[PDB]
4 protein chains.
Amino acid sequence: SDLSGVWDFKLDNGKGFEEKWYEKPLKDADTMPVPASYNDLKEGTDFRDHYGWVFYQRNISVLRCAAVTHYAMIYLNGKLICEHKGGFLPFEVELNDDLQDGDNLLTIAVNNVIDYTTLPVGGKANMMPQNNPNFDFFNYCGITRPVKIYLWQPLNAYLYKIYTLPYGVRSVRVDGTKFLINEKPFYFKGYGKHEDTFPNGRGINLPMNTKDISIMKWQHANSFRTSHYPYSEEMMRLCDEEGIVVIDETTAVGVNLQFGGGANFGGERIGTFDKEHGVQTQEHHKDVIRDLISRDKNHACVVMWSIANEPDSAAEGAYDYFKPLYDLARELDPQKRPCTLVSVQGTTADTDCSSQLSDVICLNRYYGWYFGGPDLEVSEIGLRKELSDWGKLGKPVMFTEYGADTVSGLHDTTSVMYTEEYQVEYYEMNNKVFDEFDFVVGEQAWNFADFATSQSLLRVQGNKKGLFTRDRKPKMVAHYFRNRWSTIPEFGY
Amino acid sequence: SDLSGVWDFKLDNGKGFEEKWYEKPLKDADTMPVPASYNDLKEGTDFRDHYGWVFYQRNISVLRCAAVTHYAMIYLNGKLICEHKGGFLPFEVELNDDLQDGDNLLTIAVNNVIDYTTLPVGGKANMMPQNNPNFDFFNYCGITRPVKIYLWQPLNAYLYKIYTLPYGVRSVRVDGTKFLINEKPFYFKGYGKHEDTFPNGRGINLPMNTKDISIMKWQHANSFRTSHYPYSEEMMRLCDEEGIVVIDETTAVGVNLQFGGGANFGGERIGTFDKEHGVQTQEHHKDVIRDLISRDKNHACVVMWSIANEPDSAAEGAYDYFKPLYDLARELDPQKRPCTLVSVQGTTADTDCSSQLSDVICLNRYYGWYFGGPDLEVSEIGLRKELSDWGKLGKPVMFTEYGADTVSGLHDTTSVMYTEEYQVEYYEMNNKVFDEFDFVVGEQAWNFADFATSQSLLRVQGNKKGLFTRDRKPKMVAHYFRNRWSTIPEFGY
Amino acid sequence: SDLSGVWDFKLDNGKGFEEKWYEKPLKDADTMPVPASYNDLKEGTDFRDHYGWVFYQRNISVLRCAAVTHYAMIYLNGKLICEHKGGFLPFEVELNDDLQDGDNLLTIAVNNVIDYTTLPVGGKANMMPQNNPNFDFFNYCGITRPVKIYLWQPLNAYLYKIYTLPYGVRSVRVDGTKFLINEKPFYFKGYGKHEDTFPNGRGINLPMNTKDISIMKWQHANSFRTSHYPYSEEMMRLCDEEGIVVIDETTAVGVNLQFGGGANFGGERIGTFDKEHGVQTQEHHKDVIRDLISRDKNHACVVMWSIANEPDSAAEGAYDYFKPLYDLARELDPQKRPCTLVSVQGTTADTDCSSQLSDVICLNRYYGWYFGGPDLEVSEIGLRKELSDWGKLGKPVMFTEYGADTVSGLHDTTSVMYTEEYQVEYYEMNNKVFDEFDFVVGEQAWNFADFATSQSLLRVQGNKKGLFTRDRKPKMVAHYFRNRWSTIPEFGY
Amino acid sequence: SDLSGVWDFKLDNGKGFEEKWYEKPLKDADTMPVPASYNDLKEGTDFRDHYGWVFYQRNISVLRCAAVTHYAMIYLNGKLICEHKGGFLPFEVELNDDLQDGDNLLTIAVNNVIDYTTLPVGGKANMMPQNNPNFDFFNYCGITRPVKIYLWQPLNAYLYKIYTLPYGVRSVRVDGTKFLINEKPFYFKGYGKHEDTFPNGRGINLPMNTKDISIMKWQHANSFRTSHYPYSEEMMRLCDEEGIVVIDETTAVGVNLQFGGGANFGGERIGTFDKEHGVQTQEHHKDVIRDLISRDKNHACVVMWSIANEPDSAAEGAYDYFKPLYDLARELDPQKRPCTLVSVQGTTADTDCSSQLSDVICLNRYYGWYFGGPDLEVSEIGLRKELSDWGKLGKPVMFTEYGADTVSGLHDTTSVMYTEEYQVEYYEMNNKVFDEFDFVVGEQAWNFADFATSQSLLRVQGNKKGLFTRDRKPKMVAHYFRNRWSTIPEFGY
Ligand SMILES: CNc1ccc2c(n1)sc1c(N3CCN([C@@H]4O[C@H](C(=O)O)[C@@H](O)[C@H](O)[C@H]4O)CC3)nc(NC)nc12
Ligand SMILES: CNc1ccc2c(n1)sc1c(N3CCN([C@@H]4O[C@H](C(=O)O)[C@@H](O)[C@H](O)[C@H]4O)CC3)nc(NC)nc12
């Protein structure tokens, strides 16, 4: 029985836990539908940028939270039943006990604070009393996912059935510079995505998920990556049904304290993996890895794991941080699927700890935007120079992010940055260099669609690097990729 | 237990009922989330404009359809359990019988054909093998609403509780030219709405519903009308919680065969209420009235009933068609709430059968757009001339529709039609005349937000008359109304 | 010596000619730059839509009007020196006499009234006290063009020199179904243009002219048509320098009283060439033909004459109206260049008087917009059916107009009318049928850029059929044509 | 006699002066209209971003350059006649000599290089082989202005006449904290402008000038500033006719080497007024001051001089640089008009050398954008704190720049940066603080309209801080200012 609906809702002030609001029904309360991120569902900056706790509550009568972002505190008649740290993976509690009679009071308290102990991690200032994300997307929070009571081929799916669980048969493993599904040389076509819609924020959107898949099949794409967090269970099963290759990724974005900017302790900047003042996320990072792999163990669409997005991988302490997490990933994946991490700009093949730990090299490069733009010729020289050097490893290289901010509507015959023409030229140059090297095994544009971020001078009402707008309407670049991807097969490219 | 999820889906070809698809599991099937309109969830004109039947199916293990648009045909292991005509109101069936063991096959067949027998009615051509709506919104179909197994004051709501059902205490009745809630002279502030979002089509959107309410409270609005169909049960309860005045309306739009255009039988145009060739919707019209009132009997937000939107009310046979439906409305409303109908342009106080049957006169006037535009001065003369004549009845007059198509982004200091400036000037002129007459008891703009329609030369990617865009972003007119409505109280204006 | 600058300016009230304003300096006067259309240079609908006369004036000290739209009345110290009817071709007067001493008073009175006696002709209502154009562009008026005192190959121009006059050598003549320049089979690539910029209105814009040419060479175009009026002398010489093929056209648009709509005399609609109540433009039509050809006699870019745009050519009296004008065109063109007229939708090869008089058949067809849209398949059947029938004449057929209104920014993966995707699909279908017939010798899209029109429900802030916006920014269709035209040569296609 | 037209044109390669192109007619030449900036009149980044010299040429038969940006080199039959450094003020040469017979060859060579010796000054990198402007507008170059051969009250102009020269009588002088025109306390209402249109670049646009004035009178504005360079003579006379208060400004923008960024000599950053490595513009700065004041000596609209825009005025050497230029300004202004300079963010009353030299304090502050955004509350605290401190001087304070980048079309009910709502809120906060202090004597928004800049991550297709778009269409903020300025008089506020 799904508990999804409009619940009672109130923000803490913060004299909430003192007055024991989880015992009595909330007075002067608001309304809020679940599942949904609450940030965009009321008006006013003080509500959207609220710092602290919120109180959901709903009656019951006669429990698995699919996701609660970030920190959940479940109650019943006042007695705490659960606690959970981790805003993008499910958790459940037993309720045979503590469920009195009929008319009972279920309260869910949700916290949004992010720091060096959370995944994603929150910095102390802007990346590009308040939360300051160390990541480039908005800190949507609340009960994002529902609360309920209780040969396979890319683009050519076939799932047998087996509680009933669907399953698809497929082999995936890496040989040299080749990514093989069912022993055939695959090429990744697609994007890095976001669970981002209006006004749901990060709340699950089954209609948009299907529309996203239809658009991808319209665009002749085959893959995407769950940047920068594991998606909903329903979206994963859909890729199983629809035959969409997925790269599952953990909530480990922002373990890199070189943005912006930086953080100082004693008049000196601190490194990322400083044991005393740096990140305190390791033991939670593996908790997320073992919780993720336990969830999507059997999804034939899951093809490769991503331990972290854009970490300080070329810094002191980077190897000793990721080695125990990498090993764990191979330890609990019964299929021994490839594992990787997506690398920031500035990483080279020699300095990246991913050069050894990862089966596949996954790059996030912005030659022609953050680097070199608007000089596409100079940026081409650099992209080729770094890409040649990455071939020294004899591993598959894969671009997981590359893009240019483009506001839909801006045009010029002599293109400039932020126009739709410049975006197509940016991708033309990059794709031209990608086609020169036989060890690249995929292109994944950033982003699939425009998505909301925190406010800054460098973000024009969110991140505009999508091929599509936030309402999924195509920019000119979306028709460019559709034509290019129509001549690039899934296997043998 | 909510059955909402992604189901199996296929379109009929139309050799579907022959091959008995409702018995065996569907081969070569697609995917489709419910609840949602399917029209926008795949790509291609042939899918969006599909004519005929679609087949939903979902397994069961151990039934109330909140809405199925338009015609539902429920199955189980092959045996038909139900049929329902009526795309916007709930229906249920008993399932103690016919539910074998555990693993069973629930199939829902949905038809989209509209004609002179349906509400809404479908014409034979464009209003402004295919369905041609006699109404100005898109023919979204599918399982729009979920399938599940089992003193009050405006803007100041208070609902006692009482199965548990919430209830709010309030008095509503008409005295002379005054609309009184709790014996105080009310003024309607708001819009005509639509259940229209992307990509859900008409599918229920609990996030957008709350965002809509927040925007209305941001804009200092108090009311809206369920144009042109009854909304979801969840949206009605939200207006109860949030204290939003609602005008409940039936699915009776398009009982007017003077659009465009017209229909001919024997070389001669036929009237609307021709008994042989005209509308065949009467007995279904009261079925909808008795089904609607049975659903929202106790919603304190429901304040007035609307029997039909824009009917041929000044034509022969109009009185004898609406008299038995009007009487029924007063017969089954235990509160004796006011009843009305919203009148097309061209109606006068003398010729409208609503002049006698309705407690409140509800007008849809476009002085300054369809009539007179771009001459706002001439259009002002006409609006005053017709409005003065409507005062002869000593009844409350209320504008339920007035607006000008405005594409967000188009501006000029010397305004022209379709720009944001012209839209504000259009509303300034109209509102100026409204303030001259003490018998007008409300203004409701058309529309609240841009919504999808059928394609025509006169529709610029849908209906653009919204104060907000389809993604709820405000046009300049939305800030004009917010300032005007901030100085107009709920009572005593 | 150029008199171009900001002059004194005032609108008549209309007690202007009584008070003899042309004698004394204008009191309570405004400012206005020449050359420019005055309509958009002040604010307010009453100024933009002004009906009647305006008064320019400027001092002199010690005369050829390049164009005065429409009717000019030149003065000096009060004494009338000139009168001119014809808003788009030059006229001059002698000034040795009437020029006293030094400080003198030059007044130019300009009228904007259009009716059945003017070219372009003004109707009595909207086409789709006030001027109501029988043409689809705005009635910009004022001193549009400056007032001053005193082998060639397409895309490969070479002009010898010869008062000094430049000249280019080239042969043009029609053989069968072939348009030959220098005895090679040409193909027209380009558009119908407009002298339309902001805020100049129709005023000459030498910067935009060069930018237009650069954009055409960027788009791999070779031709355009001076729709619907002869352009400036400077623009013609530029096409001589830049090697751009031009189709010179007269001011004869709107000699067709079947728009909208129509005009009635005695309870009955009147035909276009009714001698008593219809058009009274014939003797002025040849005055324009002999004035035009006298101006561009030597422009090597002028390749074909266009007697009228979209006339009632399949109606009674159409042949006897155009025969004396056609003959005149061949009489005064010392090069015997081809002559034609562009035909409205609904014209067939049998009924069009252009089927006999014209050397080249020039069609304005909207299969997929005005006809058939949004059914591109049905519209394709019609375009092929009419195009096949036009081949019966053994003449060259050329499309001078075809397009779909497109507001820059509107997109959908499943296209609908007014989006950028639908515009590309519209042109794809049309161009596919054009490539099936060897007797079509050119495609000219409508329009090159968005331009201002009179206000109506069918015009979304002007005409949006341009491949480019009014500020020359490209829509998606502009890159489609650039790719298609890059593979289509000038000769031998 | 105006030489304005389309000339021969070619870019140097750079073997141009060797081959003596100024002697023979240019082979393989292009076309270019004058007056106009050439940068946007052809296609391709290599043309728009061309570094070096361009060659204009035009025949003559039987000379004052109104502006040539930046460096002019005039020829005739090969013999150099002139040289001029200074891209925004007129210069002339005698031609009785050197003018042979009739058919002669006039060549104008134009250079675009900017460095520490030019005004405006060019840096070595981006401010926010190539020119890198130290200013926030595009380096438009070419023959921008024409080449030719030969009581007053704000908003209530009256000019007597007096070669004939118009003149207007008015008194202007500063008393305490009051700016008085005709001994009445004035308040500046308006903006900082730019000579920026499409596609003319910085080329003179008499139509747009009049449209700009009409829009200002529509918006109830009274003043603007010639940021950041003296405008055309025609625009100045128009403000005389139309009664628009102007603040004339020199070409002295970018004398501040703290942008971005900075420049290093020997591993150390150099100060702005370093005599050896810093700016070398002083003696040219006064040449511009004495050339400017010699031009607009008699314009009654000129009300105050601006010596430089945003200089390093709080740095070592700043006082000794501006003292001789300031004194010169009072030396040659026969009216002893006030003189000032507009100050960068970060300047305080104590450290600004303008605190002593200037009669009026002119600030460029961005509280709520560059500083504090999106925290409008915190930014309000700062604006009040700095504004209170500026009152210690007992002088008039005037804001010459304040604004937020706004892309037309972006909206949200809960505003974020770059939307139209945030722009209105930004101006509401600022204007609220301005109204608290009686010593502020004007508000001038930045900018009047969107204008082109060099490309950077921080510039969304140019500078979007305009109240209007580049095609003069109003954003929502333009209607906010129109309402505010309608209640603020010219005198006595
Ligand atoms: C097959 N079914 C139908 C039914 C009605 C009509 C048509 N087809 S076609 C047409 C029309 N046109 C007038 C304009 N003409 C060109 O079209 C451009 C544009 O419309 O954009 C114009 O800008 C340009 O100046 C013109 O040369 C094209 C024909 N006018 C009116 N008046 C009610 N009705 C119709
Ligand atoms: C308080 N915290 C900070 C931090 C950094 C900066 C500021 N405040 S302020 C500023 C700046 N400005 C330069 C431009 N100047 C005006 O602004 C207009 C515009 O920016 O739109 C311009 O179009 C117009 O021409 C100019 O007169 C305004 C100052 N430049 C740079 N270079 C990295 N940094 C900063």
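Rules of the game
- Residues numbered from 1 in each chain as written, not as in the entry; some residues may be left out.
- Chains lettered and ligands numbered in written order.
- Heavy atoms only, no water.
- Residues with missing side-chain atoms left out of burial classes, pairs and counts.
- Helix = DSSP H or I, 4+ residues; strand = E, 2+ residues; numbered from the N terminus.
- Rg over C-alpha atoms; globule rule 2.2 N^0.38 Å.
- Domains from an automatic or database assignment.
- Contact = heavy atoms within 4.5 Å.
- Salt bridge = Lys/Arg side-chain N within 4 Å of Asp/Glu carboxyl O.
- Polar contact = N/O pair within 3.5 Å; in protein donor to acceptor, adjacent residues only side chain to side chain.
- Buried area = accessible area lost by both parts, 1.4 Å probe.
- Nonpolar A, V, L, I, M, F, W, Y, C, P; charged D, E, K, R; others polar.
- Buried < 20%, exposed > 50% of the residue type's maximum accessible area, 1.4 Å probe, protein only.
- Axes fitted to C-alpha atoms, helices over the stretch in contact; angles between N-to-C directions.
- Left-handed = near helix turned anticlockwise from the far one by under 90°.
- Pairing = 2+ DSSP bridges.
- Least-squares fit on C-alpha atoms.
- Near = heavy atom within 4 Å.
- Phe/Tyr/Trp six-rings, centres within 6.5 Å; stacked < 30°, edge-to-face > 60°.
- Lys NZ or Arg CZ within 6 Å of the ring centre and 35° of its normal.
- UniProt positions renumbered as here; feature names shortened; annotations may be inferred.

## Regarding the overall build of chain A
At step 1: Along chain A, the regular secondary structure elements total nine helices and 26 strands.
At step 2: By the compact-globule yardstick of 23 Å for 493 residues, chain A fits well, its C-alpha radius of gyration being 23 Å.
At step 3: The principal-axis extent of the C-alpha atoms belonging to chain A is close to 70 × 60 × 45 Å.

## Some details on the domain arrangement of chain A
Residues and elements named next belong to chain A.
At step 1: Domain assignment breaks chain A into domain 1 (1-150) and domain 2 (172-490).
At step 2: Spacing between the C-alpha centres of domain 1 and domain 2 amounts to 29 Å.
At step 3: Each side of the interface is counted separately: domain 1 has 33 residues, and domain 2 has 49 residues.
At step 4: Inspection of the region where domain 1 meets domain 2 yields two salt bridges.
At step 5: Among the salt bridges present, the one from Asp136 reaches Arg459, with a minimum N-O distance of 2.8 Å.
At step 6: If you look at where domain 1 meets domain 2, you find 17 residue pairs in polar contact.

## Quick word on the interface of chain D and chain A
At step 1: Facing the 25 residues of chain D at the interface are 25 residues of chain A.
At step 2: Buried area between chain D and chain A, summed over both chains or domains, comes out near 2,300 Å², and the portion from carbon and sulfur atoms is 61%.
At step 3: Considering only the side of chain D, the residues that lose the most area to chain A are D:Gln455, D:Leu457 and D:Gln461, jointly responsible for 31% of the buried surface there.
At step 4: Viewed at the interface, chain A and chain D are joined by zero salt bridges.
At step 5: Our enumeration of links across chain D and chain A arrives at 14 residue pairs in polar contact.
At step 6: For the side of chain D that touches chain A, the per-class residue count stands at 11 nonpolar, 10 polar and four charged.

## Some points on the side chain of C:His194
Residue and element names in this part refer to chain C.
At step 1: As for its placement among the helices and strands, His194 is situated in the loop between β17 (188-192) and α2 (206-218).
At step 2: Take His194: its relative accessible area is 5%, and that puts it in the buried class.
At step 3: One polar contact links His194 to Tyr229, side chain to side chain, over a distance of 2.7 Å.

## Considering the packing of α2(C) against helix α3 (residues 233-242) of chain C
All names here are of chain C.
At step 1: Remark: α2 packs on α3, axes separated minimally by 11 Å, with the N-to-C direction vectors making an angle of 35°. For the element pair α2 and α3, the recorded crossing hand is right-handed. Counted together, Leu206, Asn209, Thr210, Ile213 and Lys217 of α2 and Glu234, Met235, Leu238, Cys239 and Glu242 of α3 form the full contact between these two elements.
At step 2: The class makeup of the residues in the contact of α2 with α3 is five nonpolar, two polar and three charged.

## Describing the sheet that holds strand β19 (residues 245-249) of chain A
Residue and element names in this part refer to chain A.
At step 1: Ordered by their spatial adjacency, eight strands build a closed barrel running β17-β18-β19-β20-β21-β22-β25-β26, and the pairing between neighbours is parallel. Strand-to-strand, the axes of this sheet are offset by a mean angle of 25°, without reference to chain direction.
At step 2: Across three bridges, strand β17 (residues 188-192) lies against strand β18 (residues 223-225) in parallel orientation. Following the sheet pairing, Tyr191 is matched in β18 by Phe224.
At step 3: Running over the sheet, helix α4 (residues 282-295) touches β19 and β20 (302-309) and is turned about 165° from β20.
At step 4: Here helix α9 (residues 476-486) sits on the sheet in contact with β17 and β26 (440-445), set at roughly 160° to β26.

## A short note on the interface of chain A and chain B
Interfaces are often sized by the accessible area lost when the parts come together.
At step 1: Each partner contributes to the interface: chain A provides 29 residues, whereas chain B provides 29 residues.
At step 2: The contact between chain A and chain B buries some 2,600 Å² in all, and 62% of this surface belongs to carbon and sulfur atoms.
At step 3: On the chain A side of the contact with chain B, A:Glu43, A:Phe198 and A:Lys211 bury the most area, a combined 22% of that side's loss.
At step 4: Two residues, A:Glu43 and B:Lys211, come together in a salt bridge whose shortest N-O distance is 2.5 Å.
At step 5: Between chain A and chain B we count eight residue pairs in polar contact in total.
At step 6: Within the residue set of the side of chain A that touches chain B, elements represented by two or more residues are β1 (5-11), β2 (30-34), α2 (206-218) and α3 (233-242) of chain A.
At step 7: Per-element accounting of the side of chain A that touches chain B gives the leading share, eight residues, to α2(A).

## With respect to the relation of the copies chain A and chain B
At step 1: Once chain A is rotated about the relating axis by 180° and shifted along it by 0.0 Å, it coincides with chain B to within an RMSD of 0.0 Å. The superposition of one copy onto the other is thereby described by a two-fold rotation axis. Among all C-alpha atoms of chain A, that of A:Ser1 lies closest to the rotation axis, at 1.9 Å.

## Side note on the site of ligand 2
Residue and element names in this part refer to chain D.
At step 1: Not every one of the 18 residues close to ligand 2 is listed here, only the nearest: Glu310, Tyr370, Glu401, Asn463 and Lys465.
At step 2: In this structure, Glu310 approaches ligand 2 through a side-chain N or O atom, which is 2.6 Å from a nitrogen atom.
At step 3: In this structure, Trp446 approaches ligand 2 through a side-chain N or O atom, which is 2.9 Å from an oxygen atom.
At step 4: Partitioning the shell around ligand 2 into residue classes produces seven nonpolar, six polar and five charged.

## Quick word on the site of ligand 1
All names here are of chain C.
At step 1: In the vicinity of ligand 1, 18 residues are found, and the nearest of them are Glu310, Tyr370, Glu401, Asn463 and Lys465.
At step 2: Note that an oxygen atom of ligand 1 is positioned 2.7 Å from one of the side-chain N or O atoms of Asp136.
At step 3: At a separation of 3.1 Å, an oxygen atom of ligand 1 approaches a polar side-chain atom of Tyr366.
At step 4: A breakdown of the residues in the shell around ligand 1 according to their chemical character gives seven nonpolar, six polar and five charged.

## Some points on the packing of aromatic side chains
At step 1: Within this structure, the stated rule accounts for 172 aromatic pairs over all chains.
At step 2: For the pair B:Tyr402 and B:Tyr427, a centre-to-centre distance of 4.8 Å together with 80° between the ring planes defines the contact as edge-to-face. Taken together, the residues B:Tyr402 in the loop between β25 (397-401) and α8 (420-434) and B:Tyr427 in helix α8 connect sequence positions 25 residues apart.
At step 3: For B:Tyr402, a relative accessible area of 0% gives the class buried.
At step 4: On the basis of relative accessible area, B:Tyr427 is assigned to the buried category, the value being 0%.
At step 5: With a centroid separation of 4.9 Å and 25° between ring planes, the pair formed by D:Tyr158 and D:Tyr160 is classed as stacked.
At step 6: When its relative accessible area of 48% is taken as the criterion, D:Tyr158 is described as partly exposed.
At step 7: Three or more aromatic residues link up through ring pairs in this structure, and these residues are A:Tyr191, A:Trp218, A:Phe399, A:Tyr402, A:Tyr426, A:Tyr427, A:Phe434, A:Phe448, A:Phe468, A:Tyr480, A:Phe481 and A:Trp485.
At step 8: Geometry around A:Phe198 places B:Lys473 over its ring, the cationic atom sitting 3.4 Å from the centre.

## Re the UniProt feature "binding site: beta-D-glucuronate" (unreviewed entry) in chain A
At step 1: In the numbering used here, UniProt assigns the "binding site: beta-D-glucuronate" (unreviewed entry) feature to A:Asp136, A:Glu310, A:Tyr370, A:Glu401, A:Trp446, A:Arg459, A:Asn463 and A:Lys465.
At step 2: Given the relative accessible area of 36%, A:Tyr370 is considered partly exposed.
At step 3: Not counting chain neighbours up to four residues away, the residues in contact with A:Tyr370 comprise A:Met128, A:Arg459, A:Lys465 and D:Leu457.
At step 4: Here A:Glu401 is to be found in strand β25 (residues 397-401).
At step 5: The class for A:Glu401 is buried, based on a relative accessible area of 5%.
At step 6: In contact with A:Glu401, not counting residues within four places along its chain, are A:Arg225, A:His228, A:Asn309, A:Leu363, A:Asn364, A:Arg365, A:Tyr366, A:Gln444 and A:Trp446.

## Remarks on the pairing of strand β15 (residues 178-181) of chain D
All names here are of chain D.
At step 1: With four bridges joining them, strand β14 (residues 172-175) and β15 adopt antiparallel strand pairing. Pairing of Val172 across the sheet is with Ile181, part of β15.
At step 2: Taking the residues between adjacent antiparallel strands as the criterion, β14 and β15 are bridged by two residues, where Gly176 takes a positive phi near 65°.
At step 3: As paired elements, β15 and strand β16 (residues 184-185) share two bridges and run antiparallel to each other. Opposite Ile181, over in β16, you have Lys184 as the bridge partner.
At step 4: The antiparallel hairpin formed by β15 and β16 contains two residues in its connecting segment, where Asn182 sits at a positive phi of about 55°.

## Comments concerning the relation of the copies chain D and chain A
At step 1: The two copies are related by a screw operation: chain D maps onto chain A through 180° of rotation and 0.0 Å of translation along the axis, at an RMSD of 0.0 Å.
At step 2: Most of the interface of chain D is mirrored in chain A, where 100% of its interface residues again form contacts.

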